[PDB]
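**Q** My questions will all concern the structure given below.
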Amino acid sequence: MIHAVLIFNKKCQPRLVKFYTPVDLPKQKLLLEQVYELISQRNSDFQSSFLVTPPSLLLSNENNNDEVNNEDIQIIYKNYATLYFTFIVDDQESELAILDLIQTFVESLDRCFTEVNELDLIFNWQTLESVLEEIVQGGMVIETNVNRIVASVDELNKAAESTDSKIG
Amino acid sequence: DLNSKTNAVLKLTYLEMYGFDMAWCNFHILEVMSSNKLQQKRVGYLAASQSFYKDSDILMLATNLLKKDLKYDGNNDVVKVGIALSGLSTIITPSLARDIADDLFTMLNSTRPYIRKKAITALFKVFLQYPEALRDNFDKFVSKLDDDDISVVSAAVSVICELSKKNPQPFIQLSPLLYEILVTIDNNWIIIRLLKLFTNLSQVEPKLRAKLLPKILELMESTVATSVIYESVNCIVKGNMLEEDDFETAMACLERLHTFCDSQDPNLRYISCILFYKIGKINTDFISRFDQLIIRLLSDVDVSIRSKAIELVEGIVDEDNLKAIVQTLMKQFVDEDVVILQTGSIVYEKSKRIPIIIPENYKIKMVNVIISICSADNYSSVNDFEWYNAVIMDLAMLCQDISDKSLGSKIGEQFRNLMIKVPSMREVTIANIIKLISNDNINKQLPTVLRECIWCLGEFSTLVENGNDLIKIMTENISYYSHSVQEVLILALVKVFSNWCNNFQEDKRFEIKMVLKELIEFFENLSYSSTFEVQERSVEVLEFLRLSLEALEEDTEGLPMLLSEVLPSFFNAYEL
Amino acid sequence: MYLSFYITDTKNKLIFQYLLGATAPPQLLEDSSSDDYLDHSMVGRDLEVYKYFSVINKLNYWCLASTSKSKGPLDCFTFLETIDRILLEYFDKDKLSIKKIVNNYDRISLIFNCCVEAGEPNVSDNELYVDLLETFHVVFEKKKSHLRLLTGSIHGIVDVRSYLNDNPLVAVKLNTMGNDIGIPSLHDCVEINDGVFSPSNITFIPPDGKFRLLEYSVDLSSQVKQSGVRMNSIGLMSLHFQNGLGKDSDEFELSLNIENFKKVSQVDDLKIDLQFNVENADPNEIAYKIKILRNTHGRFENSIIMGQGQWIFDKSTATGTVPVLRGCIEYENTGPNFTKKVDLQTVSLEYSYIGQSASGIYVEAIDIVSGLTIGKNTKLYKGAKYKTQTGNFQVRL
Amino acid sequence: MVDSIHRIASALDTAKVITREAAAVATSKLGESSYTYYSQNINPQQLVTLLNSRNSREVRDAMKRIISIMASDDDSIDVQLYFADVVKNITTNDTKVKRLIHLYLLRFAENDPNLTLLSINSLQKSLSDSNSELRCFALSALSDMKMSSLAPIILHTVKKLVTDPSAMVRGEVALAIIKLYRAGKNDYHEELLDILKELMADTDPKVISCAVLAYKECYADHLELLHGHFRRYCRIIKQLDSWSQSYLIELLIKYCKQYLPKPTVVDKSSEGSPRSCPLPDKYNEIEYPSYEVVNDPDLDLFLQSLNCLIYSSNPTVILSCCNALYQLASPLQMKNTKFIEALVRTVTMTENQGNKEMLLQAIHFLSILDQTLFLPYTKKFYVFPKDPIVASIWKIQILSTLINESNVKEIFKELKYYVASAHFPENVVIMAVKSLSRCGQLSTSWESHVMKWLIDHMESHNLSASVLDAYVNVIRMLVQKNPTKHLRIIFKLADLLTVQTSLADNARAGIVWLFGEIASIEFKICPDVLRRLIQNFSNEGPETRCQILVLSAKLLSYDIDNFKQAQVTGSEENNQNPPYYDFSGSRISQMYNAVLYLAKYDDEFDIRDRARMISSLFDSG
């Protein structure tokens, strides 16, 4: 189960966090901070993409890849052009499941937001969210098909636009 | 106004996320969920799903509302249905579950894959709470599990998986269907999941594991991914599926790992390396196929990889392999080592100079390995014994930097063994030892090495002509030494002098006499150690020596005999 | 070679470190909660690095030195002390608490450097007021109704704050109230030349700065015996714990007469901490209740939980007046596991006075010497202030 | 290890406080950026120019910075010129300047001999100036130079500066004369003496602290001179700041180790004489002998001083003094009672731990050298409750030192009472053992009570392996001093071993040895013990086996002579019997044979080797 997804821009700013389960918000915040931190230390070429960590590397510093861990929490990072997507999963969700979901998410985002910028993501946080949800649901990514996702997003955009002061 | 509603909802959601009375917000969220706009419905639903936990009245209301929305055509019907279901699923009560199931059941039969997916996911969450509902809905799942749409199937599966986590018994019932779906899926993520599910069912039910294993490995063979490959491997290694019947599966999985390890990505590498090792502990044959892979990983800079390799090297060694490995490690460590010994830098590629890199614990492990390698078979086959001897001396040096004393101990023991074996090399070893001792660096930290050296020399003093320099070394260094060492040195020296005195006759030579005298003075000094035992041990030796001297003064020929005569006498007197 | 100095708090946390020069890289520490405890560590490798350590605790700060190889341990201890003092003068004076250190950690480093610059450790070395502060501490042993001063230690510091214009000299005459006053210890700005200055006299040269003029430690056991002093006031505080107890109660009477304090100047804050051993008896065993303790001029607050009394006497009670602190201890037990025994243990009373003499060093006269005459313009100030502390009175029963 | 350690350290350091000097600029005021200038190049020009400016104040600033840059090895930085300029500026009449300049000089010398020489010349010129404040500092630097070539200079100066009447100058001329001898010794000693003398006789604490730090050096070698000089030093210490006192301690320690003027015949006839005291021969006051050291106002003054310092309320001065008092002492010095009383007083005064431990230790060291002194203080060191395992351990060591015969009972009572009573940790029990051991070494009458106490603890408790190792070592020591109580001690231990077939390797080792050792006293019985051991050796650890051997061996011997004549067997002479002959080759042999065989089966060589020899020698009679 993905318990949360965080999308950050290249300058480490969080932009979206989704939490599929309740977890305590203070914990989520802390985690998001630590993950950000490591990300910063990791190089742009590394950007790590991931930080799995035994807890003890939670942070431990001595070999600075000390990764981050928090025990029971694996952190998967993905860098695309300019956004970073971090997915925090419980120890019971598989890394691949998390990666796939990420990859699919990213592809969709790129298709929908061909150029995503940070500002466009913010405003359209709901749109980004919707896509993320659809993908996720019943734990399940149920359409996997990038063409279906792309359509769905267009449908949602049409809705929100139709509503927009309730939205904008 | 709809835009205002959206705002209210945002605020309520933020309040519910805090840990606030959700019951009070429910009424409002319920009204918003009745707004025709689909976005507002979605946000409302999200809130209620966050809120419902515990309050049953609220839940009941929220349910009624969601139901209405599900029934309404809805025309963005997919989205509305979709959200509502998620929503309902995240609500759990037995009453609600009862309602929801009926709704979900209907929605499972909608055409649109989006809806079907959501519906499935919902029934998952529901079942996560209420088993009776499951029982009733169990049938539908079975029908849905058979829909043509890969995303729907994937969902059905995940759901059955969760339900196994909570109920395994019902699903050990459906396992066959799951096995039939996995056999029909094209999609990698779907395959990956199905694989996990079976792993989950395996912890409960080995029978399933058997049926599914072969479904895994066929799927890995058809998917490329990479994750499906890793997965099959992790599942194989996990369920402990493996058991041996499953070796064949493991093999395929390994072969796929080896192909991948052989991709440049550290994530895939590490994962493979680990999986390899684990398998190797379990299956040496596989390892022999994967030595090459290991050696290549040794040149990788990633500490987890390195450590994983060294651990692999220990169970693989062949002679050609040994020599290669040894040299490679020795070289690496002169070039890979330092970083964490010095700090703890994170790794870099770039410095062209490279920060360089091994932890302290890696170093210790390396040395330990080397020693084992030299002693296995027995490496009667380092062909070049010279290299070993060198390596050992080298390690000792670097470790002096580490301490951890234990490194230093293990190394010493090994050296002793090498010397005992390979009579050639002895002379080389002795010379080096003597030099290392007179180089203070061994004295620092290293009492064990000193103790060993002491032993080696008493034994081999017979090889060495100049048993004088050795002994003048040792005598000068005795004052710098720990009590254990002092005890050892004392004991050795005495063991030696006995050998010399047997050979002295050259003249008796005056030198032997002087050397004895020196040893005596020293031991007297050690008779003043704070530990009574040691003190007594030294005093005994002092007397022993003094004797030999007297004997030499009065004789030469009679010295060996005299020593066996006098020494015991003294010893008994003291003890007596 | 490198030297390094570190300063740690009582809770082993490093507060300051300094490295001088060069290339530079559990039982005692565990114990340091006790205040006295760290002793040496050898970081050691043959780079002899030697280490050494020394630690100094002053005013809650611990100072650790290291040296590299040679210098000797004692040399490192001397450098540590001078550093400590400098830290007191610099920061003005009153405290170097960990909090202060931390905030001033750098100010400490700067000092260290100066000491080393000068090359050498530089070595390590109109109105007048004399404010004698005295902290007594006395270990009494009760035997038979009378408390016999078994040990004690009165520590006097004598500070003096001046306002001359130049540097005249001061003679201070201390009086013995036949207690040979024997060792006054004098501050680096002070001289006590040899019996020229008599044993009762002290000569001090200005600093502008507050200066501790003389510290005096008098071991009460011999003094009191020599002088006959059952402290009738001060220090001998007589606590009478009456057993004849019932299973829950007991009564103890403590009187702190201040007959011998008339010229002892004000007592700024007498604090009495009575410990009822509850450490070895489990506070449930010792539920004790202190019912009434009556001071005529102070305040009592009980801490049962913790197993303690604290009684704080405010400075107004001064002369002849005798604050009597009576009261009753009732050991309430909810367990049966209390056997009605509370080993009654040690009641430490710490007094602080102001303006009086630790040994009886009451300064009876202070005179000025420089070719000066009386009313050549020299006046008497107010508000030197000394402090004195030892450890602590103890009355055993 | 070291890497990580240093890494962390540095980090914290530098960072605090805002890198030293970069923070030094940041907090300057408008003109607060100076720091960053000289930090970010003040520059040599700024320095040189500032030195060539003729104003004593400007020379100061320039001197300060200069000193830093020189220290940094900014290498770029002629230090020769600064050196030169600074040397000329040394001749300025300002004290602050002279001070800095002296500091600088000492720096350069650390790197460069020529400059070292110049700096020395300058110091000579200024030393010949009438200004005593300068002539002083100047002479000081000459002393921190390390060099032997600078001696002929430094001397001519030192001579002129002693011959100056000034107290300041007299302080410094000592520092020099000292750091001088430390190097070019002969040409210089005649003068360097008649000098240091007139000096020491100064009044100013900053002059005394200096001659001290001096005399401490020159004399390492020329101690006859030092004496007549060392006196005022000890007198002075009594009158002085607590810092100036600790210093005098370090010296008084060194001097003594050097002038013990030798005992050589010690004129005990000097006056009122202690061992006697010389005065120096070259002064010839009726040569007053050497041991000067204990009598002579110099040494004696030292001891008395040390005391006052300890009485002086400063714990440092107290610990340090204790160390010095331990070294001088002809034991006649510590018997002083004062040293002890002072220590004990400190102990109770001390609040601080580094101290408590030090105190408890001191008391031990002093008891060692002097027990009879601590006796009135024992009841004082009955343990303080608050204290840890190490403290309770130290209290035990003290009791062990204080034992008189009349007091001993009082002590033992406290101990035994502790072992049984306290919930004493195993570690404490270990020490309590080492003590009681050392106690009996001194008393014989009380030894029995001690041993019995020990054994009773061992026989009974299944004691821990560490404890067993200790006890075994102790029992061994006592047996070594009191062989009469020894026999019982052995039998008692034998039984314990025979029961414990499980014992620890180190225990078996001790237990066995003790029995080798005691066998002389009653090696009639020892065969019984050795028998059990052998029988059970085969199931034991190596070290244990080794000890078991040597101790079979010894046991065998002691009794060869006693066995042999007894063993030279069925020689009749042995069935004849004095006392030991002992049933000898048979009883002992039967034991050794078993032992040897058993040792051979152990891995350790030393065990086997000894076992082999033992058998050979034994066998041959």
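Here, A, B, ... name the chains of the structure tokens in the order displayed, residue numbers run from 1 inside each chain, and ligands are numbered from 1 in the same displayed order.
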Give me, as a ChimeraX atom specification, the residues of stretch 227-476 of chain B that a backbone DSSP run labels alpha helix (DSSP H).

**A** /B:227-235,247-260,266-282,284-298,303-314,319-336,339-342,360-375,385-400,405-420,426-438,447-460,467-471

**Q** Would you give me, as a PyMOL selection string, the residues in stretch 73-112 of chain A that DSSP reads as strand (DSSP E or B)?

**A** chain A and resi 73-80+83-90

**Q** Can you spit out the residues from that selection as a compact mmCIF listing (two decimals), in the first residue's frame, using C-alpha atoms?

**A**
# COMPACT_ATOMS: atom_id res chain seq x y z
CA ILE A 73 9.41 2.99 5.74
CA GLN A 74 11.01 2.76 2.36
CA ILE A 75 11.39 5.85 0.32
CA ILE A 76 11.35 5.81 -3.39
CA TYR A 77 12.42 8.78 -5.22
CA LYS A 78 11.93 9.60 -8.84
CA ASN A 79 13.40 12.54 -10.73
CA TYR A 80 11.76 13.73 -13.92
CA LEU A 83 9.91 17.42 -10.66
CA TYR A 84 10.71 14.85 -8.07
CA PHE A 85 8.19 12.40 -6.92
CA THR A 86 8.71 10.69 -3.71
CA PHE A 87 6.58 7.81 -2.69
CA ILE A 88 6.62 6.57 0.83
CA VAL A 89 5.48 3.10 1.19
CA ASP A 90 4.74 0.78 3.93

**Q** To one decimal in Å, tell me the separation between atom CA of residue B:447 and atom CA of residue B:411.

**A**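 One can read the atom CA of residue B:447 to atom CA of residue B:411 distance as 12.2 Å.
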
**Q** At a cut-off of 8 Å, which residues of chain A touch chain B? Count only C-alpha atoms and give the answer as a VMD selection string.

**A** chain A and resid 22 25 61 to 66 96 to 97 100 134 137 to 144 159 to 160 163 to 167

**Q** Could you save those same residues with N, CA, C and O atoms as an mmCIF file, in the first residue's frame?

**A**
data_model
loop_
_atom_site.group_PDB
_atom_site.id
_atom_site.type_symbol
_atom_site.label_atom_id
_atom_site.label_comp_id
_atom_site.auth_asym_id
_atom_site.auth_seq_id
_atom_site.Cartn_x
_atom_site.Cartn_y
_atom_site.Cartn_z
ATOM 1 N N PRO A 22 -4.548 6.646 6.967
ATOM 2 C CA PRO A 22 -4.148 7.668 7.772
ATOM 3 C C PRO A 22 -2.875 7.335 8.409
ATOM 4 O O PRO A 22 -2.827 6.408 9.192
ATOM 5 N N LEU A 25 -0.042 12.954 10.680
ATOM 6 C CA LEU A 25 0.398 14.054 9.910
ATOM 7 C C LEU A 25 1.844 14.439 10.600
ATOM 8 O O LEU A 25 3.001 14.660 10.180
ATOM 9 N N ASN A 61 25.126 9.673 9.480
ATOM 10 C CA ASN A 61 25.920 10.549 8.744
ATOM 11 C C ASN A 61 27.140 9.855 8.308
ATOM 12 O O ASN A 61 27.601 10.108 7.220
ATOM 13 N N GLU A 62 27.758 8.997 9.137
ATOM 14 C CA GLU A 62 29.037 8.729 8.588
ATOM 15 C C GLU A 62 29.499 8.433 7.213
ATOM 16 O O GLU A 62 30.658 8.751 6.942
ATOM 17 N N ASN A 63 28.781 7.932 6.406
ATOM 18 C CA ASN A 63 29.093 7.723 5.037
ATOM 19 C C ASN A 63 28.001 8.448 4.861
ATOM 20 O O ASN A 63 27.039 7.899 5.199
ATOM 21 N N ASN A 64 27.993 9.634 4.246
ATOM 22 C CA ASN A 64 26.821 10.470 4.053
ATOM 23 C C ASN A 64 25.643 9.561 3.044
ATOM 24 O O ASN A 64 24.577 10.130 2.817
ATOM 25 N N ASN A 65 25.986 8.441 2.160
ATOM 26 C CA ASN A 65 24.737 7.998 1.542
ATOM 27 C C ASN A 65 23.827 7.502 2.622
ATOM 28 O O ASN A 65 22.884 6.751 2.402
ATOM 29 N N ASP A 66 24.008 7.874 3.806
ATOM 30 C CA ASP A 66 23.291 7.104 4.783
ATOM 31 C C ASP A 66 21.934 7.900 4.357
ATOM 32 O O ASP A 66 21.521 8.984 4.814
ATOM 33 N N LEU A 96 8.517 -2.392 -6.422
ATOM 34 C CA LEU A 96 8.210 -2.305 -7.819
ATOM 35 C C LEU A 96 6.878 -1.678 -7.959
ATOM 36 O O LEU A 96 6.983 -0.732 -8.749
ATOM 37 N N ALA A 97 5.844 -2.188 -7.181
ATOM 38 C CA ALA A 97 4.513 -1.691 -7.250
ATOM 39 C C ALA A 97 4.488 -0.213 -7.151
ATOM 40 O O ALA A 97 3.690 0.464 -7.858
ATOM 41 N N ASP A 100 6.137 1.380 -10.246
ATOM 42 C CA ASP A 100 5.341 1.327 -11.428
ATOM 43 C C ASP A 100 4.294 2.272 -11.598
ATOM 44 O O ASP A 100 4.204 2.739 -12.826
ATOM 45 N N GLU A 134 -6.937 7.974 -9.307
ATOM 46 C CA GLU A 134 -7.495 7.009 -10.161
ATOM 47 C C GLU A 134 -6.593 5.909 -10.344
ATOM 48 O O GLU A 134 -6.988 4.758 -10.585
ATOM 49 N N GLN A 137 -6.449 3.396 -6.699
ATOM 50 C CA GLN A 137 -7.640 2.875 -6.264
ATOM 51 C C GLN A 137 -8.022 1.488 -6.462
ATOM 52 O O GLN A 137 -7.961 0.776 -7.412
ATOM 53 N N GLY A 138 -8.435 1.116 -5.247
ATOM 54 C CA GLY A 138 -8.811 -0.192 -4.676
ATOM 55 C C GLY A 138 -7.500 -0.951 -4.321
ATOM 56 O O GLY A 138 -7.469 -2.228 -4.160
ATOM 57 N N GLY A 139 -6.372 -0.062 -4.413
ATOM 58 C CA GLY A 139 -4.909 -0.233 -4.204
ATOM 59 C C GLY A 139 -4.551 -0.511 -5.550
ATOM 60 O O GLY A 139 -3.468 -1.076 -5.930
ATOM 61 N N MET A 140 -5.523 -0.123 -6.370
ATOM 62 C CA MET A 140 -5.186 -0.681 -7.497
ATOM 63 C C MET A 140 -5.010 0.248 -8.682
ATOM 64 O O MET A 140 -5.776 1.185 -9.008
ATOM 65 N N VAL A 141 -4.024 0.002 -9.426
ATOM 66 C CA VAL A 141 -3.991 0.830 -10.581
ATOM 67 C C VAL A 141 -4.758 -0.020 -11.424
ATOM 68 O O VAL A 141 -4.430 -1.172 -11.746
ATOM 69 N N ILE A 142 -5.712 0.670 -11.903
ATOM 70 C CA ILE A 142 -6.696 -0.196 -12.678
ATOM 71 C C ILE A 142 -6.714 0.000 -14.108
ATOM 72 O O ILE A 142 -7.278 -0.811 -14.858
ATOM 73 N N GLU A 143 -6.065 1.054 -14.494
ATOM 74 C CA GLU A 143 -5.952 1.218 -15.865
ATOM 75 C C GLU A 143 -4.742 1.770 -15.602
ATOM 76 O O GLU A 143 -4.474 2.623 -14.753
ATOM 77 N N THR A 144 -4.016 1.141 -16.340
ATOM 78 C CA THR A 144 -2.754 1.250 -16.555
ATOM 79 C C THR A 144 -2.421 1.855 -17.838
ATOM 80 O O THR A 144 -1.343 2.377 -18.172
ATOM 81 N N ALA A 159 -14.304 19.319 -15.984
ATOM 82 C CA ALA A 159 -15.267 19.549 -14.981
ATOM 83 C C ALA A 159 -14.901 20.697 -14.191
ATOM 84 O O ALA A 159 -15.703 21.631 -14.331
ATOM 85 N N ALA A 160 -13.587 20.653 -13.705
ATOM 86 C CA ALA A 160 -13.174 21.687 -12.793
ATOM 87 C C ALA A 160 -13.316 22.987 -13.452
ATOM 88 O O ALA A 160 -13.628 23.976 -12.793
ATOM 89 N N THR A 163 -16.868 24.408 -13.117
ATOM 90 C CA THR A 163 -17.240 24.790 -11.743
ATOM 91 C C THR A 163 -16.446 26.300 -11.126
ATOM 92 O O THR A 163 -17.114 27.014 -10.329
ATOM 93 N N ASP A 164 -15.187 26.712 -11.610
ATOM 94 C CA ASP A 164 -13.826 27.389 -11.333
ATOM 95 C C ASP A 164 -14.128 28.479 -10.357
ATOM 96 O O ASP A 164 -13.272 28.742 -9.495
ATOM 97 N N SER A 165 -15.181 29.191 -10.265
ATOM 98 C CA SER A 165 -14.827 29.817 -9.014
ATOM 99 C C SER A 165 -14.916 28.775 -7.905
ATOM 100 O O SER A 165 -14.244 28.991 -6.887
ATOM 101 N N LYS A 166 -15.741 27.628 -8.035
ATOM 102 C CA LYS A 166 -15.640 26.918 -6.760
ATOM 103 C C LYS A 166 -14.323 26.344 -6.492
ATOM 104 O O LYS A 166 -13.899 26.178 -5.355
ATOM 105 N N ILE A 167 -13.636 26.226 -7.678
ATOM 106 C CA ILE A 167 -12.218 25.752 -7.881
ATOM 107 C C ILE A 167 -10.924 26.495 -7.824
ATOM 108 O O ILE A 167 -9.928 25.994 -7.359
#

**Q** Show which residues sit within 8 Å of stretch 311-317 of chain C, as an MDAnalysis selection string. Count only C-alpha atoms, and ignore same-chain residues fewer than 2 positions away.

**A** chainID C and resid 266:273 295 297:301 309 319 321:323

**Q** Select all residues from chain D having any atom no more than 8 Å from an atom of chain B (counting only C-alpha atoms, ignoring ligands), output as a PDB file with C-alpha atoms, in the first residue's frame.

**A**
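File produced: selection14.pdb:
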ATOM      1  CA  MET D   1      38.008   5.410  14.076  1.00  0.00           C
ATOM      2  CA  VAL D   2      40.461   8.300  14.376  1.00  0.00           C
ATOM      3  CA  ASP D   3      39.176   9.711  11.088  1.00  0.00           C
ATOM      4  CA  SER D   4      35.535  10.007  12.148  1.00  0.00           C
ATOM      5  CA  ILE D   5      36.563  11.233  15.598  1.00  0.00           C
ATOM      6  CA  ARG D   7      36.135  14.875  11.538  1.00  0.00           C
ATOM      7  CA  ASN D 473      45.732 -14.922  43.158  1.00  0.00           C
ATOM      8  CA  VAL D 474      45.385 -13.613  46.753  1.00  0.00           C
ATOM      9  CA  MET D 477      50.055 -14.358  47.992  1.00  0.00           C
ATOM     10  CA  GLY D 516      52.334 -26.268  43.572  1.00  0.00           C
ATOM     11  CA  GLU D 517      53.650 -23.577  45.797  1.00  0.00           C
ATOM     12  CA  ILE D 518      52.423 -24.825  48.993  1.00  0.00           C
ATOM     13  CA  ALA D 519      53.655 -28.301  48.662  1.00  0.00           C
ATOM     14  CA  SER D 520      56.943 -27.506  50.413  1.00  0.00           C
ATOM     15  CA  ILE D 521      55.283 -26.872  53.525  1.00  0.00           C
ATOM     16  CA  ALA D 553      56.096 -30.078  38.345  1.00  0.00           C
ATOM     17  CA  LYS D 554      56.834 -27.852  41.199  1.00  0.00           C
ATOM     18  CA  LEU D 555      55.066 -29.999  43.615  1.00  0.00           C
ATOM     19  CA  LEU D 556      57.183 -32.760  42.354  1.00  0.00           C
ATOM     20  CA  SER D 557      60.290 -30.905  43.013  1.00  0.00           C
ATOM     21  CA  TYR D 558      59.989 -29.336  46.185  1.00  0.00           C
ATOM     22  CA  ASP D 559      59.774 -32.809  47.172  1.00  0.00           C
ATOM     23  CA  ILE D 614      58.873 -31.847  34.462  1.00  0.00           C
ATOM     24  CA  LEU D 617      63.528 -34.178  35.606  1.00  0.00           C
TER      25      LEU D 617
END

**Q** How many Å lie between atom CA of residue C:129 and atom CA of residue C:378, rounded to one decimal?

**A** 11.5 Å

**Q** Contacts of residue D:215 at 12 Å or less, counting only C-alpha atoms, minus same-chain residues fewer than 3 places along, as number ranges by chain?

**A** D: 171-182, 192-193, 195-197, 199-200, 208-212, 218-233, 247-248, 250-256, 258

**Q** Which residues, written as a PyMOL selection string, have at least one atom at most 10 Å from residue C:254, with only C-alpha atoms counted and residues fewer than 4 positions away on the same chain left out?

**A** chain C and resi 236-241+293-295+323-327

**Q** Looking at only C-alpha atoms, which of D:586, D:480, D:313, D:435 is the one that sits closest to chain C?

**A**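 Nearest candidate to chain C out of D:586, D:480, D:313, D:435: D:313.
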
**Q** Can you pull out every residue within 8 Å of residue C:364, counting only C-alpha atoms, but drop anything in the same chain fewer than 4 positions away, and send it as a list in words?

**A**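 The filter keeps residues 172, 173, 174 and 175 of chain C.
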
**Q** Could you please tell me, as a PyMOL selection string, which residues of chain D have an atom within 6 Å of chain C when using only C-alpha atoms?

**A** chain D and resi 6+17+103+239+241+243+312+352-355

**Q** Which residues, written as a PyMOL selection string, have at least one atom at most 10 Å from residue C:231, with only C-alpha atoms counted and residues fewer than 2 positions away on the same chain left out?

**A** chain C and resi 138+147-149+220+224+228-229+233-238+256-260

**Q** With C-alpha atoms retained, could you export that selection as an mmCIF file, in the first residue's frame?

**A**
data_model
loop_
_atom_site.group_PDB
_atom_site.id
_atom_site.type_symbol
_atom_site.label_atom_id
_atom_site.label_comp_id
_atom_site.auth_asym_id
_atom_site.auth_seq_id
_atom_site.Cartn_x
_atom_site.Cartn_y
_atom_site.Cartn_z
ATOM 1 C CA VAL C 138 29.526 21.088 59.244
ATOM 2 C CA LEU C 147 25.317 17.209 68.570
ATOM 3 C CA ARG C 148 29.200 16.932 68.579
ATOM 4 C CA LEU C 149 30.854 18.756 65.648
ATOM 5 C CA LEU C 220 35.702 23.156 62.772
ATOM 6 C CA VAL C 224 35.677 24.070 67.758
ATOM 7 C CA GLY C 228 35.216 24.973 72.836
ATOM 8 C CA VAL C 229 32.558 25.940 70.449
ATOM 9 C CA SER C 233 23.791 28.806 66.964
ATOM 10 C CA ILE C 234 24.955 28.344 63.758
ATOM 11 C CA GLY C 235 26.110 25.050 62.603
ATOM 12 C CA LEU C 236 25.180 23.198 65.558
ATOM 13 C CA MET C 237 21.837 22.686 64.733
ATOM 14 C CA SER C 238 20.295 20.285 67.107
ATOM 15 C CA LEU C 256 18.920 26.923 64.924
ATOM 16 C CA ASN C 257 19.865 29.448 67.470
ATOM 17 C CA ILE C 258 21.534 32.566 66.398
ATOM 18 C CA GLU C 259 23.080 33.556 69.330
ATOM 19 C CA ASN C 260 26.741 33.457 68.076
#

**Q** Residues of chain B near chain C: apply a cut-off of 10 Å, count only C-alpha atoms, and supply the list as a count of residues only.

**A** 10

**Q** May I ask for the distance between atom CA of residue D:464 and atom CA of residue D:547, given in Å to one decimal place?

**A**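 Separation of atom CA of residue D:464 and atom CA of residue D:547: 19.6 Å.
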
**Q** For a quick check of understanding, using only C-alpha atoms, which of D:290, D:273, D:36, D:305 has the smallest distance to residue D:321?

**A**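 Nearest candidate to residue D:321 out of D:290, D:273, D:36, D:305: D:305.
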